[PDB]
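Heads up: the structure comes next, in structure tokens.
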Amino acid sequence: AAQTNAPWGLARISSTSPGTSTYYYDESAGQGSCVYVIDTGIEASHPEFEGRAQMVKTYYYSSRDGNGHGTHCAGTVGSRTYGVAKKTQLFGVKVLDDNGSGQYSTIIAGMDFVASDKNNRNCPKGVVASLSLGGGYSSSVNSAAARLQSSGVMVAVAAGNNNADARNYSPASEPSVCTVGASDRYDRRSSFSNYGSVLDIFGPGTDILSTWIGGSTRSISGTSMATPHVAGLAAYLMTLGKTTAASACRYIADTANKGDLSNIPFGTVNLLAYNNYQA
Ligand SMILES: NC(=O)c1cccnc1
């Protein structure tokens with residue numbers, strides 16, 4: 001399948017070269033998989049989600065996304081126009097308030113929630129979690145991410161936006177999850193992207209168009225935007241049967257475009273997420 005005039009990041013993940021604008025993908029499109037977006041919520045009524053999104057948990061007085069960040073990330077995973085995996089099921093877990101903030105205790109509870117809740121959901125092709133959040137190093141936060149992964153969920157986490165080594169941030173620094181840095185449309189490391197040996201992969205993160213609250217759209221930047229590209233890619237590949245939750249991060253690294261990014265510090269992987277789709 002081909003989506004013409006797609007957001008640059010979608011085109012990038014199906015291309016061996018920068019500078020193209022069509023996204024190519026197998027029409028299965030992540031059907032039968034599920035992606036949990038652990039964030040500020042998801043505006044599930046957005047036409048872009050087509051009934052495939054639902055809120056399943058909140059830790060606040062409402063499950064509504066009053067911020068937009070979670071809705072944007074969910075759109076990059078799985079919206080019809082802006083999403084990698086256009087037929088996946090999206091589940092919202094609101095661990096962040098409408099200012100985008102959350103206590104580590106709440107974030108941990110949300111991860112443990114997903115590890116169990118996937119057993120209430122029909123996800124025959126597999127389960128992914130997208131975590132576009134983090135703060136300073138916490139062994140308890142890293143442990144929770146490790147448990148979520150161990151339970152059979154492909155965990156993709158943002159490296160962070162400090163232009164610093166991600167070893168000092170959580171859950172970015174948990175080795176067993178998939179830690180995602182950000183790139184721009186010219187194949188440069190995004191100016192704010194964290195780096196370091198803990199990174200597994202880069203995805204598009206600068207100037208990413210996706211869904212927003214109020215039934216709208218906007219372009220924003222962050223490792224928060226790169227992470228759902230990788231989460232959606234994992235769901236897409238799991239639906240194709242090419243990999244599993246336990247092996248998808250390694251598979252994405254194995255099949256990535258290699259050596260094509262600029263300003264990658266020595267010791268950080270030079271790997272850009274790629275779907276290897278051939279029509
Ligand atoms: N995808 C590519 O063209 C490429 C270029 C250089 C090294 N590895 C891969």
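Every chain in the structure tokens has a letter given in the order shown (A, B, ...), and although residue numbers restart at 1 in each chain, ligands are simply numbered from 1 in the order shown.
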
With 6 Å as the cut-off and only C-alpha atoms and all ligand atoms counted, what is the closest atom pair between each nearby residue of chain A and ligand 1? Distances in Å to one decimal, ordered by chain and number, as a Markdown table.
| residue | atom | partner | partner_atom_place_in_ligand_line | distance |
| --- | --- | --- | --- | --- |
| A:16 | CA | ligand 1 | 1 (N) | 4.5 |
| A:257 | CA | ligand 1 | 1 (N) | 4.7 |
| A:258 | CA | ligand 1 | 8 (N) | 4.4 |
| A:259 | CA | ligand 1 | 7 (C) | 4.8 |
| A:260 | CA | ligand 1 | 6 (C) | 5.7 |

Please identify all polymer residues within 12 Å of region 7-10 of chain A, counting only C-alpha atoms, omitting same-chain residues fewer than 4 positions from it, and present them as a ChimeraX atom specification. /A:2-3,14-15,17-25,75-86,182-187,202-211,217-219,221,225-230,232-233,272-275

Can you tell me which residues surround residue 117 (chain A) at a distance of at most 12 Å, considering only C-alpha atoms, apart from same-chain residues fewer than 5 positions away, and format the answer as number ranges by chain? A: 34-36, 56-57, 91-93, 109-112, 122-123, 127, 129, 148, 151-153

Residue with smallest distance to residue 157 (chain A) - pool A:171, A:136, A:66, A:214, counting only C-alpha atoms: A:171

Atom pair CA of residue 249 (chain A) / CA of residue 277 (chain A): separation (Å): 17.2 Å

Can you tell me, as a count of residues only, which residues in region 24-238 of chain A count as strand (DSSP E or B) by DSSP? 59

Output as a ChimeraX atom specification all residues of region 38-228 of chain A that backbone DSSP marks as alpha helix (DSSP H). /A:69-78,104-117,139-150,223-228

Considering only C-alpha atoms, can you say which of A:146, A:235, A:172, A:13 comes closest to residue 124 (chain A)? A:235

To one decimal in Å, tell me the separation between CA of residue 65 (chain A) and CA of residue 160 (chain A). 21.4 Å

Neighbour list for region 194-199 of chain A as a PDB file with N, CA and C atoms, in the first residue's frame, cut-off 9 Å, only C-alpha atoms, skip fewer than 5 positions in-chain:
ATOM      1  N   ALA A 158      11.103   6.739  25.174  1.00  0.00           N
ATOM      2  CA  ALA A 158      11.839   7.894  24.673  1.00  0.00           C
ATOM      3  C   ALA A 158      13.204   8.014  25.346  1.00  0.00           C
ATOM      4  N   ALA A 159      14.226   8.358  24.559  1.00  0.00           N
ATOM      5  CA  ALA A 159      15.554   8.534  25.144  1.00  0.00           C
ATOM      6  C   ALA A 159      15.627   9.769  26.034  1.00  0.00           C
ATOM      7  N   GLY A 160      14.805  10.772  25.765  1.00  0.00           N
ATOM      8  CA  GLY A 160      14.824  12.041  26.461  1.00  0.00           C
ATOM      9  C   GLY A 160      15.388  13.155  25.590  1.00  0.00           C
ATOM     10  N   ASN A 161      15.116  14.397  26.001  1.00  0.00           N
ATOM     11  CA  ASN A 161      15.312  15.586  25.174  1.00  0.00           C
ATOM     12  C   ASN A 161      16.343  16.541  25.757  1.00  0.00           C
ATOM     13  N   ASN A 162      17.382  16.011  26.392  1.00  0.00           N
ATOM     14  CA  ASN A 162      18.355  16.827  27.112  1.00  0.00           C
ATOM     15  C   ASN A 162      19.688  16.963  26.380  1.00  0.00           C
ATOM     16  N   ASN A 163      19.796  16.440  25.159  1.00  0.00           N
ATOM     17  CA  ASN A 163      21.071  16.378  24.450  1.00  0.00           C
ATOM     18  C   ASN A 163      22.172  15.855  25.370  1.00  0.00           C
ATOM     19  N   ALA A 164      21.873  14.749  26.049  1.00  0.00           N
ATOM     20  CA  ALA A 164      22.748  14.199  27.072  1.00  0.00           C
ATOM     21  C   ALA A 164      22.720  12.680  26.982  1.00  0.00           C
ATOM     22  N   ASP A 165      23.577  12.032  27.766  1.00  0.00           N
ATOM     23  CA  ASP A 165      23.601  10.579  27.773  1.00  0.00           C
ATOM     24  C   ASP A 165      22.368  10.048  28.498  1.00  0.00           C
ATOM     25  N   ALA A 166      21.622   9.184  27.811  1.00  0.00           N
ATOM     26  CA  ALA A 166      20.369   8.640  28.324  1.00  0.00           C
ATOM     27  C   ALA A 166      20.564   7.693  29.503  1.00  0.00           C
ATOM     28  N   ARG A 167      21.806   7.323  29.839  1.00  0.00           N
ATOM     29  CA  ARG A 167      22.040   6.486  31.015  1.00  0.00           C
ATOM     30  C   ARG A 167      21.529   7.134  32.296  1.00  0.00           C
ATOM     31  N   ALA A 172      14.385   5.428  30.075  1.00  0.00           N
ATOM     32  CA  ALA A 172      15.320   5.337  28.953  1.00  0.00           C
ATOM     33  C   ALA A 172      16.497   4.410  29.244  1.00  0.00           C
ATOM     34  N   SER A 173      17.003   4.423  30.478  1.00  0.00           N
ATOM     35  CA  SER A 173      18.220   3.693  30.808  1.00  0.00           C
ATOM     36  C   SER A 173      17.988   2.226  31.131  1.00  0.00           C
ATOM     37  N   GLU A 174      16.752   1.738  31.124  1.00  0.00           N
ATOM     38  CA  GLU A 174      16.525   0.317  31.379  1.00  0.00           C
ATOM     39  C   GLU A 174      17.008  -0.493  30.180  1.00  0.00           C
ATOM     40  N   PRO A 175      18.008  -1.367  30.333  1.00  0.00           N
ATOM     41  CA  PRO A 175      18.573  -2.032  29.149  1.00  0.00           C
ATOM     42  C   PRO A 175      17.599  -2.921  28.398  1.00  0.00           C
ATOM     43  N   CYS A 178      13.250  -0.910  24.634  1.00  0.00           N
ATOM     44  CA  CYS A 178      13.740  -0.364  23.375  1.00  0.00           C
ATOM     45  C   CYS A 178      13.800   1.154  23.502  1.00  0.00           C
ATOM     46  N   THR A 179      15.010   1.697  23.616  1.00  0.00           N
ATOM     47  CA  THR A 179      15.202   3.122  23.866  1.00  0.00           C
ATOM     48  C   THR A 179      15.426   3.862  22.552  1.00  0.00           C
ATOM     49  N   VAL A 180      14.623   4.899  22.319  1.00  0.00           N
ATOM     50  CA  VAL A 180      14.460   5.514  21.002  1.00  0.00           C
ATOM     51  C   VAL A 180      14.963   6.955  21.016  1.00  0.00           C
ATOM     52  N   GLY A 181      15.977   7.240  20.177  1.00  0.00           N
ATOM     53  CA  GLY A 181      16.395   8.608  19.925  1.00  0.00           C
ATOM     54  C   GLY A 181      15.656   9.226  18.736  1.00  0.00           C
ATOM     55  N   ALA A 182      15.886  10.523  18.511  1.00  0.00           N
ATOM     56  CA  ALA A 182      15.169  11.270  17.483  1.00  0.00           C
ATOM     57  C   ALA A 182      16.097  11.768  16.382  1.00  0.00           C
ATOM     58  N   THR A 223      11.885  13.368  21.343  1.00  0.00           N
ATOM     59  CA  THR A 223      11.990  11.914  21.381  1.00  0.00           C
ATOM     60  C   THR A 223      10.638  11.285  21.688  1.00  0.00           C
ATOM     61  N   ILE A 264      25.906  11.602  15.198  1.00  0.00           N
ATOM     62  CA  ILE A 264      25.761  10.506  16.150  1.00  0.00           C
ATOM     63  C   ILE A 264      27.056  10.425  16.956  1.00  0.00           C
ATOM     64  N   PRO A 265      27.026  10.646  18.266  1.00  0.00           N
ATOM     65  CA  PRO A 265      28.270  10.589  19.044  1.00  0.00           C
ATOM     66  C   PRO A 265      28.881   9.202  18.964  1.00  0.00           C
ATOM     67  N   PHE A 266      30.211   9.168  18.959  1.00  0.00           N
ATOM     68  CA  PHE A 266      30.927   7.904  19.011  1.00  0.00           C
ATOM     69  C   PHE A 266      30.423   7.083  20.192  1.00  0.00           C
ATOM     70  N   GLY A 267      30.038   5.838  19.924  1.00  0.00           N
ATOM     71  CA  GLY A 267      29.513   4.957  20.951  1.00  0.00           C
ATOM     72  C   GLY A 267      27.999   4.824  20.974  1.00  0.00           C
ATOM     73  N   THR A 268      27.288   5.639  20.206  1.00  0.00           N
ATOM     74  CA  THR A 268      25.847   5.533  20.049  1.00  0.00           C
ATOM     75  C   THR A 268      25.562   4.847  18.721  1.00  0.00           C
ATOM     76  N   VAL A 269      24.540   3.986  18.693  1.00  0.00           N
ATOM     77  CA  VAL A 269      24.196   3.306  17.448  1.00  0.00           C
ATOM     78  C   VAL A 269      23.803   4.308  16.371  1.00  0.00           C
TER      79      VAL A 269
END

Spatial neighbours of residue 53 (chain A), max dist 7 Å, only C-alpha atoms, sep filter under 6 positions, as a ChimeraX atom specification: /A:44,89-91

Can you work out the spacing between CA of residue 46 (chain A) and CA of residue 62 (chain A) in Å, to one decimal? 17.2 Å

Within 8 Å of region 97-101 of chain A, counting only C-alpha atoms, which residues qualify if same-chain residues fewer than 6 places away don't, as a list in words?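 Listing them by chain and then by number gives residues 39, 40, 60, 65, 66, 67 and 69 of chain A.
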
Between A:116, A:58, A:5, A:103, single out the one closest to residue 133 (chain A), counting only C-alpha atoms. A:103

So which residues touch residue 42 (chain A) within 7 Å, counting only C-alpha atoms, skipping near sequence neighbours fewer than 5 positions away, as a PyMOL selection string? chain A and resi 55+64-65+70-71+74+92

Using the selection just defined, write its residues with N, CA and C atoms as a PDB file, in the first residue's frame.
ATOM      1  N   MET A  55      -9.805   4.773  25.858  1.00  0.00           N
ATOM      2  CA  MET A  55      -9.155   4.930  27.146  1.00  0.00           C
ATOM      3  C   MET A  55      -9.500   3.719  28.002  1.00  0.00           C
ATOM      4  N   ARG A  64      -9.891  12.153  30.083  1.00  0.00           N
ATOM      5  CA  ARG A  64      -9.719  13.000  28.912  1.00  0.00           C
ATOM      6  C   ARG A  64      -8.275  13.483  28.803  1.00  0.00           C
ATOM      7  N   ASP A  65      -7.767  13.515  27.571  1.00  0.00           N
ATOM      8  CA  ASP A  65      -6.497  14.176  27.281  1.00  0.00           C
ATOM      9  C   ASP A  65      -6.762  15.673  27.202  1.00  0.00           C
ATOM     10  N   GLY A  70      -0.462  13.046  24.510  1.00  0.00           N
ATOM     11  CA  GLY A  70      -0.800  11.642  24.340  1.00  0.00           C
ATOM     12  C   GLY A  70      -1.559  11.378  23.055  1.00  0.00           C
ATOM     13  N   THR A  71      -2.443  12.302  22.680  1.00  0.00           N
ATOM     14  CA  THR A  71      -3.186  12.173  21.432  1.00  0.00           C
ATOM     15  C   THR A  71      -2.252  12.239  20.227  1.00  0.00           C
ATOM     16  N   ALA A  74      -0.315   8.893  20.129  1.00  0.00           N
ATOM     17  CA  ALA A  74      -1.220   7.854  19.643  1.00  0.00           C
ATOM     18  C   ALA A  74      -1.459   7.984  18.144  1.00  0.00           C
ATOM     19  N   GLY A  92      -5.419   3.809  25.727  1.00  0.00           N
ATOM     20  CA  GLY A  92      -4.863   4.930  26.459  1.00  0.00           C
ATOM     21  C   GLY A  92      -4.805   4.662  27.951  1.00  0.00           C
TER      22      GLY A  92
END

My list of candidates is A:106, A:63, A:244, A:33. Which is closest to residue 87 (chain A) when distances are computed with only C-alpha atoms? A:33
